[PDB]
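Enquirer: build me a model from this:
(one chain, ligands or ions: 2)
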Amino acid sequence: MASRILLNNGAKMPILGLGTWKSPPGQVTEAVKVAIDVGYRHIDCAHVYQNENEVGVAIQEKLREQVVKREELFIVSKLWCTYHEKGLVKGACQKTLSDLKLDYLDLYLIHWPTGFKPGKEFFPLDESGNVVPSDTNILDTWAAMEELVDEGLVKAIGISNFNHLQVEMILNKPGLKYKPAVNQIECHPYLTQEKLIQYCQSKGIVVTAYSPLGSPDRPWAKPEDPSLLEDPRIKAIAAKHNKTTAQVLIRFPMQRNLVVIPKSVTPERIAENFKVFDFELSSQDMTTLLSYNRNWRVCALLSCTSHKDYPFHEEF
Ligand SMILES: NC(=O)c1ccc[n+]([C@@H]2O[C@H](COP(=O)([O-])OP(=O)(O)OC[C@H]3O[C@@H](n4cnc5c(N)ncnc54)[C@H](OP(=O)(O)O)[C@@H]3O)[C@@H](O)[C@H]2O)c1
Ligand SMILES: O=C(O)CCCCc1ccc(-c2cccc(O)c2)s1
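Expert: Numbers count the residues shown, from 1 in each chain. Ligands and ions are numbered 1, 2, ... in the order given. Please see the structure below:
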């Protein structure tokens, strides 16, 4: 298992990164410092997570300490839905750069295909509770992303939570200048994504798997929900390999040629989650884990189901 995957912009992306959604701002600086100290070279960020300044403090310390060179880091962030207007994209990127204390991002993603009305609120509502869309076509948002490459602010651009028809719309865009490098999507044994992954990979787009542990700290968890970390069938595979269930859940996407971004703020777990380059799941293990698919989502963007660009009505 090589540590990096080649992107269609010619750069290499570490297959294991640290997630930062829900990482408290008072804990994420130490989490990122620990992660870099124990070998992580890829951090997954977003403006909407509200903790990029604190992530950036850690990155900057480790650069200043000469623990790692900037060239060796792969920093990802994402354009939030209220910044899809073409005239807002550059400023959104620059705010993220300023908070992360970087001069460039390695990868900048359209966070969701749904654009929202711009303003202070990340989920602007009408008086009846619906999210207020923006009329900016996503292909115009893509052109604005391409401009960031051509200004040196980002090395690569990509997409997140795009279904296969939306990926295809980008690939068919009149005058397309840069193909997406990555589509970052939810993926784990309960949402295995075979069709979307094969489509993206067949077009040279690398897939990043989010919520690989099933996001046990997601805010809307309910007792009746399935639980990957507690699934006896997955625990049994881990026991057979003398690894933890989380380690199996991280290794699984790696063997599908995916990038994977488990989140933790717990130092011992940050280190545990990186110790996944010393064992292999068998093809039978892989087929068995794939067989657990449920089409079950952590992130269904439930406030936006009427948005014209809502991604999860289509089969894939
Ligand atoms: N593009 C998108 O729309 C999108 C959406 C969702 C997520 N993401 C990205 O993907 C990342 C990962 O997804 P996620 O945060 O939803 O969930 P996740 O990585 O599946 O799970 C994180 C949870 O697992 C716990 N955990 C971590 N390592 C563990 C271990 N070894 N043993 C037991 N528990 C462990 C964490 O606890 P502690 O932190 O307390 O240790 C936290 O509660 C996000 O942080 C974000 O960067 C992107
Ligand atoms: O899209 C992504 O990458 C993950 C979600 C990011 C935006 C959010 C939606 C709902 C969130 C939330 C809901 C209730 C409580 C709480 O503390 C947070 S955060």
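Enquirer: distance between the ends of stretch 290-304?
Expert: Start and end residues of stretch 290-304 are separated by 29 Å (C-alpha to C-alpha, to the nearest Å).
Enquirer: mind listing what's buried in it?
Expert: For stretch 290-304, burial by neighbour count (16 or more other C-beta atoms under 10 Å) applies to 292, 296, 298, 299, 301, 304. Where you see a C-beta, it was placed from the backbone N, CA and C, and this is true even at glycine.
Enquirer: likewise for stretch 193-213?
Expert: Within stretch 193-213, the residues scored as buried using 16+ other C-beta under 10 Å are 193, 196-197, 199-200, 203, 205-213.
Enquirer: ok, is it in contact with ligand 2 or not?
Expert: No. Judged by C-beta under 6 Å from any ligand atom, stretch 193-213 and ligand 2 are separated, with a smallest distance of 7.3 Å.
Enquirer: which ones are touching residue 183?
Expert: Residue 183 makes contact with 158, 159, 160, 162, 167, 196, 200, 205, 206, 207, 208, according to C-beta atoms under 8 Å, 6 or more residues apart in numbering.
Enquirer: ok, the third one touching residue 112?
Expert: Spelled out, that is residue 160. Yes. With contact defined as C-beta atoms under 8 Å, residue 160 and residue 112 form a contacting pair (6.6 Å).
Enquirer: next, count neighbours for the closest residue to residue 151 other than its chain neighbours.
Expert: Excluding the flanking residues, the one nearest residue 151 by C-beta to C-beta, 6 or more residues apart in numbering is residue 90, at 7.5 Å. A count of nearby residues for residue 90, using other C-beta atoms under 10 Å, gives 15.
Enquirer: what of residue 106?
Expert: 24.
Enquirer: tell me the contacts of it?
Expert: 11, 13, 73, 74, 75, 76, 154, 155, 156.
Enquirer: for the closest residue to ligand 2 within the stretch 101-250 of the chain, give me its contacts.
Expert: Going by C-beta to the nearest ligand atom, ligand 2 is nearest to residue 219 of the stretch 101-250 of the chain, at 3.6 Å. Each residue near residue 219 by C-beta under 8 Å, 6+ apart is listed here: residue 22.
Enquirer: ligand 2 contacts on this protein?
Expert: Near ligand 2, when you scan the chain using C-beta under 6 Å from any ligand atom, you find 21, 46, 48, 219, 299.
Enquirer: was I right to think residue 25 contacts residue 51?
Expert: Yes. At 4.7 Å, residue 25 counts as touching residue 51 under the criterion of C-beta under 8 Å.
Enquirer: who has more neighbours out of these two?
Expert: Per other C-beta under 10 Å, whichever of residue 25 and residue 51 has more neighbours is residue 51, with 24 against 14.
Enquirer: what's near enough to touch the more buried one?
Expert: Residue 51 makes contact with 20, 23, 24, 25, 28 under the criterion C-beta under 8 Å, 6+ apart.
Enquirer: now the helices for the stretch 201-316 of the chain?
Expert: In the stretch 201-316 of the chain, the helices defined using DSSP state H, counting those that start in this stretch lie at 232-240, 245-254, 267-274, 283-290.
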